[PDB]
Amino acid sequence: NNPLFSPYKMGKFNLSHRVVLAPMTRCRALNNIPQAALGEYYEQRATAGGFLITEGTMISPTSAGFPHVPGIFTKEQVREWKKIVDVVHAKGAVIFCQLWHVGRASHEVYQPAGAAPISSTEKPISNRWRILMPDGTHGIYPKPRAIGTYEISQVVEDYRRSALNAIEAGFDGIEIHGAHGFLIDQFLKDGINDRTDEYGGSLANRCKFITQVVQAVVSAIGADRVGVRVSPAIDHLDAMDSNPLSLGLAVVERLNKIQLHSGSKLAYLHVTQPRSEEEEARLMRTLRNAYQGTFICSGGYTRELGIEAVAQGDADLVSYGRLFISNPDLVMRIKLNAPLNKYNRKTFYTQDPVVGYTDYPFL
Ligand SMILES: Cc1cc2nc3c(=O)[nH]c(=O)nc-3n(C[C@H](O)[C@H](O)[C@H](O)COP(=O)(O)O)c2cc1C
Ligand SMILES: COCCOC(=O)/C(=N\O)C(C)=O
């Protein structure tokens with residue numbers, strides 16, 4: 001028996017298998033409005049009782065750092081998302097909307113009035129990283145504006161309102177993007193967070209922002225409709241921590257406490273790992289062992305590694321990114337151990353509604 005096809009109860013959601021669509025920015029949501037193409041794309045990948053997580057979705061006009069990423073902060077965005085959610089639900093899938101603020105990982109071209117991006121810090125991402133521009137070239141990350149605690153509470157309210165909007169659009173839940181060097185990770189990581197106020201310094205202070213974001217969306221829509229994604233050991237966009245395991249465990253501690261205080265469990269904790277392998281595996285297993293709830297692992301998984309993760313108790317669910325780009329029927333291919341299609345990096349972030357998006361073939 002393939003352990004990826006044993007059913008799993010993710011809170012109130014009965015999943016038929018453990019293969020999850022990882023959240024992936026694809027830049028087809030032209031001018032930040034969800035498009036019919038997104039409906040075709042997610043419908044292609046939906047399975048009865050399968051769990052899907054959307055591309056990162058803007059919570060406010062200042063939250064974007066990629067072209068043509070969808071928002072969920074306007075009524076028009078909610079209206080267009082509803083159409084996509086309806087077609088996904090008609091295939092029997094569960095779908096969560098990932099709420100995403102990029103913080104300092106942006107550019108004047110993505111900001112209203114060309115304003116500076118916001119962050120925990122005034123320090124820019126270093127020169128070894130470059131941002132994809134709307135014309136397909138790569139540009140320099142600018143200096144961000146470090147926000148005060150009043151503005152922090154406004155961003156928290158943006159997460160809260162976007163979570164309510166996601167439920168209005170029919171989403172089963174939301175995922176907080178707290179990974180990969182974006183805004184929340186810019187508070188978590190001591191390689192970024194140089195604050196001297198109550199949001200910087202100690203582990204507890206660096207965890208304050210993610211705790212307040214999660215608390216706000218839990219209060220708005222319920223813990224069982226909230227998943228949280230973090231990546232303590234991934235240093236994307238200069239997001240290094242001096243002790244990734246300690247940071248990860250501090251986050252897990254706060255999530256366990258939110259659950260006790262709310263009297264209910266989160267939908268899940270979702271952790272991406274970098275790709276020795278043994279040290280990374282032990283870090284992941286330690287986070288899983290410490291967290292009181294459902295654990296989704298992600299990052300470089302294959303059919304074999306996903307089977308092993310569930311069989312060994314290292315994870316409850318396994319999310320796949322790049323192979324799901326090029327294999328719309330990845331779930332069926334994993335079930336049959338069928339050959340997988342190659343994915344084309346060149347069309348990860350282009351705008352065509354078909355080419356490199358919905359034209360990868362089925363079996
Ligand atoms: C094109 C692309 C877009 C991605 N966009 C997001 C995103 O919007 N939010 C997020 O949390 N992770 C994003 N990721 C990371 C994936 O969710 C996932 O963790 C990674 O692809 C898993 O590794 P795998 O591709 O080997 O399966 C993206 C990855 C790719 C390749
Ligand atoms: C492909 O990069 C691996 C980690 O994923 C990211 O950093 C990400 N979003 O989290 C985007 C939009 O790419």
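Atoms considered below: every heavy atom in the structure, side chains included; atoms not considered: hydrogens, waters and symmetry mates. Note that the numbering runs from 1 along the sequence shown for the chain.
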Applying a strict under-4.5 Å side-chain criterion to I, L, V, M, F, W and Y, I'd like to know whether [X] and [Y] cluster together.
X	Y	result
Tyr343	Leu21	yes
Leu317	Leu266	no
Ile296	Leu330	no
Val226	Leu52	yes
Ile221	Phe73	yes

Answer yes or no: is there a side-chain heavy-atom contact under 4.5 Å between [X] and [Y]?
X	Y	value
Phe209	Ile184	yes
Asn32	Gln77	yes
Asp224	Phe13	no
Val318	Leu4	yes
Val228	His270	no
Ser326	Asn344	no
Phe187	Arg206	no
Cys27	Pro67	yes

Distance-only donor-acceptor check, side chains [X] and [Y], under 3.5 Å:
X	Y	result
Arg229	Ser298	yes
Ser119	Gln186	yes
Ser242	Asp190	yes
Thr62	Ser60	yes
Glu55	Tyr42	yes
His236	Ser231	no
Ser106	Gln111	yes
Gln212	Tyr199	yes
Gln35	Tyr41	no
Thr121	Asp194	yes
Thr350	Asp352	no

What pair of heavy atoms forms the shortest contact from [X] to [Y], and how long is it?
X	Y	value
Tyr349	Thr25	CE2-O, 3.4 Å
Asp314	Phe295	O-CD2, 3.6 Å
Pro124	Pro142	CB-O, 3.5 Å
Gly139	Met133	N-CG, 3.7 Å
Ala233	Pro274	O-CG, 3.5 Å
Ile72	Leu99	CG2-CD2, 3.9 Å

For the pair [X] (side chain) and [Y] (backbone), establish whether a donor and an acceptor sit closer than 3.5 Å, ignoring hydrogens and angles.
X	Y	answer
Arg45	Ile325	yes
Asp359	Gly356	yes
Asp172	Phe96	no
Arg104	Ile118	no
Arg28	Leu38	no
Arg160	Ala216	no
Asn327	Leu323	yes
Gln259	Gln292	yes

Using a strict 4.0 Å threshold on nitrogen-to-oxygen distance, state whether [X] and [Y] make a salt bridge.
X	Y	result
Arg161	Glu157	yes
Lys189	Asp241	no
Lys123	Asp238	no
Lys75	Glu168	yes

Practice task
Kindly determine whether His101 and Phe182 satisfy ring pair (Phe, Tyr, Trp, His ring centres under 6.0 Å), including the steps that lead there.
Solution key: CA-CA 7 Å; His101 194 305; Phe182 294 112; 9.8 Å; no
Checking side-chain contact (heavy atoms from CB on, under 4.5 Å) between [X] and each of [options], which is the one that passes?
X	options	result
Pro232	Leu287, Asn243, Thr272, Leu249	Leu287
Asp316	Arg288, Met10, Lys9	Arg288
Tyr110	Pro134, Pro117, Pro61	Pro134

Practice task
Step by step, work out the side-chain contact (heavy atoms from CB on, under 4.5 Å) result for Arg225 and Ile174.
Solution key: CA-CA 6 Å; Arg225 299 194 284 192; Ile174 66 91; over 6 Å; no
Practice task
Determine, using ring centers only, whether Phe66 and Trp100 are less than 6.0 Å apart.
Solution key: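 When the ring centroids of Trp100 and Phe66 are compared, they turn out to be within the sub-6.0 Å range.
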Practice task
State whether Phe348 and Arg322 meet the cation-pi test: NZ (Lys) or CZ (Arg) under 6.0 Å from the six-membered ring centroid, and within 45° of the perpendicular axis.
Solution key: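 Because its charged atom misses either the 6.0 Å distance or the 45° angle limit, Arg322 does not stack over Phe348.
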Exercise for the section: Assess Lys335 against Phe5: is NZ or CZ under 6.0 Å from the centre of the six-membered ring, and within 45 degrees of the ring's axis? Expected result: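 Verdict for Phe5: a cation-pi partner in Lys335.
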Exercise for the section: Could you walk me through whether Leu203 and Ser246 pass the side-chain contact (heavy atoms from CB on, under 4.5 Å) test, one step at a time? Expected result: CA-CA 9 Å; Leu203 248 8; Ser246 180; 3.4 Å; yes
Practice task
Supply the atom-to-atom distance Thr358 OG1 to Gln44 CD, rounded to the nearest 0.5 angstrom.
Solution key: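 Atom-to-atom, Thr358:OG1 and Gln44:CD are 5.5 Å apart.
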Exercise for the section: Report the distance from atom CG of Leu164 to atom CD1 of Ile167, rounding to the nearest 0.5 Å. Expected result: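 Reported to 0.5 Å precision, the distance equals 8.0 Å.
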Exercise for the section: Determine, step by step, whether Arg18 and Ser6 satisfy the side-chain contact (heavy atoms from CB on, under 4.5 Å) criterion, reporting the C-alpha distance in whole Å, the side-chain angles of both residues, the deciding distance to 0.1 Å, and the verdict. Expected result: CA-CA 7 Å; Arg18 321 282 192 111; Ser6 58; 3.0 Å; yes
Problem - Residues in salt bridge (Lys or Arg N to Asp or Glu O under 4.0 Å) contact with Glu80, at least two apart in sequence or another chain - result: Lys83
Exercise for the section: Check step by step if side-chain contact (heavy atoms from CB on, under 4.5 Å) holds for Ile140 and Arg130. Expected result: CA-CA 5 Å; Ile140 297 295; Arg130 308 291 170 86; 3.6 Å; yes
Problem - Selection residues 138-147 - residue pairs positive for side-chain hydrogen bond (donor to acceptor under 3.5 Å, both in side chains), sequence neighbours left out - result: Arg145-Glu151
Exercise for the section: Measure up the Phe51 and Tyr268 rings against each other and bin them: parallel (under 30°), tilted (30 to 60°), perpendicular (over 60°). Expected result: perpendicular
